[PDB]
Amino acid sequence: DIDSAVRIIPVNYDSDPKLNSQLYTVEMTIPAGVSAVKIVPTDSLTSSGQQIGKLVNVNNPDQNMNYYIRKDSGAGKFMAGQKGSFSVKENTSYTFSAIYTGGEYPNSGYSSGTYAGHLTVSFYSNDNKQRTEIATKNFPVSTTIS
């Protein structure tokens, strides 16, 4: 059950995020039977070897924040921003962070409001050299500027 395995925790800011700031975090425990995980922003683009996603101001489509996903705990071979799945340990917990890398905003900076998007998480089994996707969900994610 992927819905019950994953939680998203937005970060709320009182001013514009800074380079390397965390926009939201992700926590999950791997269910029994899951061998690998993919975690990638929806609609990402490759830049500097990373899958860059956007959080878009829900009121003003011209304002958005770029970010990549960094793994902050849990064993396995995950390169920050990667698109592929990586092998995980069942019944153990993983945490990830959305890390700000830049964005589109007018000269006055970001407007107050919610900046939203989606994050794809997929679970796989790997049975005898065949990787099989067994669950996937595009989770709503956000950050806010007060």
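Residue numbers run from 1 along the displayed sequence.
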item	value
73-81 versus 103-111 - which carries the larger mean C-alpha B factor in the record	103-111
Given 128-136 and 10-18, the range whose Cα B-factors average higher in the PDB entry	128-136
Given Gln51, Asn64, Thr120, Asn91, the residue at which the Cα B factor reaches its maximum	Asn91
Maximum C-alpha temperature factor, selected from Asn57, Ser87, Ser44, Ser97	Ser44
Third of the chain's Cα B-factor distribution that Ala36 belongs to, per the entry	lowest
